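The chain below stands alone, shown as structure tokens; this is the form deposited in one PDB entry.
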């Protein structure tokens, strides 16, 4: 594919003193727009955005039994009170229940995990660093361009997984719905390797058009985290995606 710089987008980043990139593609990833050619292809830890491939692989390997799977809490202490409860797949995504996804990865195992990430062309495809933490502090890395390519394949049911499993994950990623406007999206925040990276990736359907998007930025402190959503939203609104 082909990626074209929109210089007018930078004002959005400089105004807040952000180093970041936004990639946005209408209809397909054949042709994408960005504020920064270089950074659009730079690879970073996925952090919780990896919950998207992880869920697909969990379903594809039968570790997650089906769409109605309940991840049962055994009652032993977890790090966050929001995690101390039985969860659905969507629930685990909404509360960012890392430990649920860790147990999924352990059950998938390194051999199967490595195979699906290569079939999915998922970032640098490197799962070194321990089966439960490679996407949090190991060697895996992916770019904003690669995230849009991956999400486009998921939208099209073109990943190397059943259509049923791709539909199941897609439903769990819906974050906004209206009669002719539907958003699928996912945040991430990588804090374990410097610089810290904030993500927001997804796609938007508006009438009969679709737009795939991925945003990342350097995160100085937690107070900057809302810009992950507000900068990309402002740019998308500038394209009439409202």
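Residue numbers count along the first chain shown, from 1. Note that the rigid core is defined as the largest set of C-alphas that superpose within 1.5 Å between two forms.
Peer 1: Report the stretch with the higher mean CA temperature factor, choosing between 72-80 and 117-125 on the basis of the entry.
Peer 2: Mean B over CA atoms: larger for 72-80.
Peer 1: When the Cα temperature factors in the entry are averaged, is it 219-227 or 19-27 that ends up higher?
Peer 2: Here the higher of the two C-alpha B-factor means belongs to 219-227.
Peer 1: Name the residue from 53, 179, 46, 198 with the greatest C-alpha temperature factor listed in the entry.
Peer 2: If I rank 53, 179, 46, 198 by C-alpha B-factor, first place goes to 179.
Peer 1: Would you mind finding, among 41, 185, 191, 61, the residue with the largest C-alpha temperature factor in the entry?
Peer 2: So the option with the highest C-alpha B-factor is 191.
Peer 1: How does residue 94 rank on Cα B-factor within its chain, lowest, middle or highest third?
Peer 2: Tercile = highest for this residue's CA B-factor.
Peer 1: Looking at the entry's B-factor column for C-alpha atoms only, identify whether residue 214 ranks in the lowest, middle or highest third of its chain.
Peer 2: According to the entry, residue 214 has a C-alpha B-factor in the chain's lowest third.
Peer 1: Where does the C-alpha B-factor of residue 32 rank in its chain, lowest, middle or highest third?
Peer 2: Highest third.
This next part talks about the form deposited in another entry, which is not shown.
Peer 1: Shifts of 2 Å or more in the Cα, rigid core superposed between this form and the one not shown, apply to only one of 115, 163, 81, 106; name it.
Peer 2: Between the two forms, the residue that moves is 81.
Peer 1: Superposing on the rigid core, is the CA of residue 41 displaced by 2 Å or more between this form and the one not shown?
Peer 2: No: residue 41 shifts by under 2 Å between this form and the one not shown.
Peer 1: Quick check: residue 30 between this form and the one not shown - does its CA shift reach 2 Å or more after fitting the rigid core?
Peer 2: Superposed on the core, residue 30 moves its C-alpha 2 Å or more between this form and the one not shown.
Peer 1: Any idea whether residue 207 and residue 28 get closer or farther by CA distance in that other deposited form, knowing it moves 3 angstroms or more?
Peer 2: Relative to this form, closer in that other deposited form.
Peer 1: In that other deposited form, the Cα separation between residue 207 and residue 29 changes by 3 Å or more relative to the shown form; did it shrink or grow?
Peer 2: Relative to the shown form, the pair is closer.
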